[PDB]
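A short write-up of the structure that comes next.
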Amino acid sequence: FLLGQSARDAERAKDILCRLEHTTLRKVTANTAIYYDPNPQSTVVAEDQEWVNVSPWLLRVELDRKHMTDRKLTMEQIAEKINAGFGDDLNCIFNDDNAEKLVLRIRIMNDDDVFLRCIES
Amino acid sequence: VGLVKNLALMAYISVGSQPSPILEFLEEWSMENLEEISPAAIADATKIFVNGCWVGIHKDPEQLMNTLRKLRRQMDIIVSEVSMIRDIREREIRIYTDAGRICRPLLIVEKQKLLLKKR
Amino acid sequence: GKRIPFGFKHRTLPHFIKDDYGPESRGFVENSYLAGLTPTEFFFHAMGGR
Amino acid sequence: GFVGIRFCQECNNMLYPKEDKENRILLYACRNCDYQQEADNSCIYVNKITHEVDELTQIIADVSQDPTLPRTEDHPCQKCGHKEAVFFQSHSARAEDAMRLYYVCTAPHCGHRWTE
Amino acid sequence: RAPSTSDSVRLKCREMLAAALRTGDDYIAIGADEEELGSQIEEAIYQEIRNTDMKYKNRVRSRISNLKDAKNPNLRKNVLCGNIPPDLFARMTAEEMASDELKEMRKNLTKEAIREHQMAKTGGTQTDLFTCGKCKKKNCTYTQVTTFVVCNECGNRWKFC
Amino acid sequence: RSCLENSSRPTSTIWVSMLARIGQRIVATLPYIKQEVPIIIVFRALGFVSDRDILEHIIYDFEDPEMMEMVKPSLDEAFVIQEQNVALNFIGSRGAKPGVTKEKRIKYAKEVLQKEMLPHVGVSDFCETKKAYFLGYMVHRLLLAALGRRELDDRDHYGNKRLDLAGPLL
Amino acid sequence: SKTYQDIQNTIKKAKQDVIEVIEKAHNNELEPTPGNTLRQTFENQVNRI
Ligand SMILES: [Zn+2]
Ligand SMILES: [Zn+2]
């Protein structure tokens, strides 16, 4: 039972539902593809996001837009959580909220092939 | 309740037959045997199963099934108890001849007219 | 708690054609006990009684 | 895009990826044999969470000769332009939420399929 | 006037912001000081963060990407025209900095999700012929199966045989 | 439930299941084998050292990698088995009566892999090809069911049941 | 002998309505009702009709 003004209007109740509902990457992720991109500036894929920000592999975990808007998330908190949960061992280069594709770039810095598979799973 | 059952007045159970005449009749046609066949040729083909035994491969189900149906209608090589399956979504022809397959007789309708004429 | 399922491949009975979600093809008995019943709806009513 | 298994050339076994630390490139090695070959796809694994599979790729031309499949004349074919044609749902489990039909031309030597 | 800074990181961030604001040549048309605006944005970011940590660098990169995004130059034009004060731009979020089309699409998606999260109301024949004993009101809905009575405002539940 | 034709021996069951969870590791429950064995070791034991042959027997088309990403985990899982002898030893080690020596285990494994499993296809001296093809068809059907491209088989469908009248009962 | 006419008319109207719902679902117009999928809302609408 809602207590605040959210009890009357549904606009301030949807966020309450979203925060009380379990959301994971699987619910917001659409595709996940691993690439063995040698040079981080090389960018085998055509994406104008890396050189502005600046290991021979990365994970391109692109997120869906409709689900992300339904749960009302932002890439900042997603990056913060994905970086803090696994310690200061990776470097997630998030994307701005203006491009059409919600692509991401997860890289590891410091057997190693399957580590990315295990961590993504 | 629901476990004990009784047959219908027309329900009939197949007594059982032998698969050898069917195997011979299907072997005479242009049917490559499963022991000597290119594995890449299985995709665009239909797998024939007789009594649950995968044997042979064919390349023309639409004619093979019609030939089998006509042959069964004529009652010369295949008894009336044998049943030929045609799986359209996946190309598989599963034929069964063992006993216990409950069945019943049904009239045949070619296009829009039955064969049970006044004669 | 649901309509008559597709016991066969995507159809209730062999009489009805595939992908036939019509009322009479899923258990809706249109007739009444005074005016008799269609065999298909008769069978479905037997299913409900069971 | 997707990724295919490429068997070895001598032993004909699976080739696992290997990042060449020396030349800084992607290789596919054999565990049993010592065969090597330079990669060209630059991809190893892709996961489709939404599982956006095109049902048309699974549909075959043989579905037309189905005696227990509905037929309509109001959706003629495109290539040949035949009138008679069949229609049916995905007929596949895991159907997310859609009963969108997949019209298939019912005519020999055409086997065309489309959707409206 | 934004105070000058002797920090190398702050100077680099200010230069990057000024370069990004110069994209499209909107400054010449508007006659706005790109360097001053970049310095003000950097100062506002530094005041908000109070350190040149990873958060400050991420915020600077996000601001540069938003200002240099060719898919919505209206935000950059408004920033260079004084429509968005530098403090507001520095404190603005990604959703607020999005273009008009992107903002409309996000609002439509949020509205659709809010609607879909709802639950369908229980059906019934609403009428005022039955007086609910739990609230004294006349509005209510009935259902024949025995006729179940469901109160509209009070919500009194009863049945009549 | 395999059964040749009213044979002296009872019907044998072959459960080719898959773990839910790496993930997606296919197993098998062969008769007279308490533990589970992956399908790939079984294929190698039937006389298929090459991986391409095993995949061709299992998967008929290689133009669909989406089906193929499912079999890669299990196929990588049992990689320390290439020759036929080690596969026979591995399968015989899980037998109900493990031979004290190696030759007895090999003989037991060969006997269980040529008479106990799938007796209906053939129990003659040279019938490993048809057994391997039947097992590959089984794995293909399992993979299709897992992908959802083909709905599951209903248990109560009388089309998959048989009646035992006075004849078979006596 | 008039109630039969009314019942037949009502049944025909219900059949026409369910056919129209099926046509709309086929051509992708019936939007999913909140809290339910497309098949669930289609079935609920048919049952209510
Ligand atoms: Zn090799
Ligand atoms: Zn055509």
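Numbers run from 1 along the shown chain.
Per the header of the entry, the method used was electron microscopy, 2.9 Å.
The backbone N, Cα and C atoms fix where each Cβ goes, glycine too.
As recorded in Swiss-Prot:
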type	residues	note
BINDING	D:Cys8, D:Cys11, D:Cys30, D:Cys33	Zn(2+) 1 binding site
BINDING	D:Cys77, D:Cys80, D:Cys105, D:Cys110	Zn(2+) 2 binding site
ZN_FING	D:8-33	zinc finger
ZN_FING	D:73-115	zinc finger
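Geometry remark: D:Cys8 (Zn(2+) 1 binding site) versus D:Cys110 (Zn(2+) 2 binding site), CA distance 39 Å. In this structure the C-alpha atoms belonging to D:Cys110 (Zn(2+) 2 binding site) and D:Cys33 (Zn(2+) 1 binding site) are separated by 47 Å. Among the binding-site residues D:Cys77, D:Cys80, D:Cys105, no residue is found with its Cα located within 10 Å of the Cα of D:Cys30 (Zn(2+) 1 binding site).
The DSSP breakdown of the zinc finger (D:73-115), given as helix, strand and coil counts, is 0 helix, 7 strand, 36 coil. Summary for the binding-site residues D:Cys8, D:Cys30, D:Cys33, D:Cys105: the Cβ-based neighbour count within 10 Å is maximal at D:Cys105. Only D:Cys110, in sequence order, out of the binding-site residues D:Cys8, D:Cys11, D:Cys30, D:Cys33, D:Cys110 have a CB under 6 Å from ligand 2.
Apart from D:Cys77, D:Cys80, D:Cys105, D:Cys110, the Zn(2+) 2 site neighbourhood in this chain, defined by C-beta within 8 angstroms of the site C-beta centre, holds D:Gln78, D:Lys79, D:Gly81, D:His82, D:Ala85, D:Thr106, D:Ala107, D:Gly111, D:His112. Here the Cα atom of D:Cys80 (Zn(2+) 2 binding site) is found 52 Å from that of D:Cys33 (Zn(2+) 1 binding site). For ligand 1, the nearby binding-site residues are D:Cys8, D:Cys30; that is, of D:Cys8, D:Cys30, D:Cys77, D:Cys80, D:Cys105, D:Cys110, these have a C-beta under 6 Å from one of its atoms. Between the CA atoms of D:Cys11 (Zn(2+) 1 binding site) and D:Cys105 (Zn(2+) 2 binding site) there is a gap of 45 Å, rounded to the nearest whole number. Annotated Zn(2+) 1 site D:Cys8, D:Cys11, D:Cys30, D:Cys33; additional same-chain residues within 8 Å of its Cβ mean position, judged by their own Cβ, are D:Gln9, D:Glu10, D:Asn12, D:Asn13, D:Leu15, D:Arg31, D:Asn32, D:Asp34, D:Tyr35.
Ranking the binding-site residues D:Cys80, D:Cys110 by how many other Cβ atoms lie within 10 angstroms of each Cβ puts D:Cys80 at the bottom. Residue counts for the zinc finger (D:8-33) under DSSP, helix first, then strand, then coil, are 0 helix, 10 strand, 16 coil.
If you take the C-beta of D:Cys77 (Zn(2+) 2 binding site) and look for same-chain residues 6 or more apart in sequence within under 8 angstroms, you find D:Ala85, D:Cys105, D:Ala107, D:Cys110, D:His112, D:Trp114. Residue environment of D:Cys11 (Zn(2+) 1 binding site) contains 19 other Cβ atoms, counted within 10 Å of its Cβ in all protein chains.
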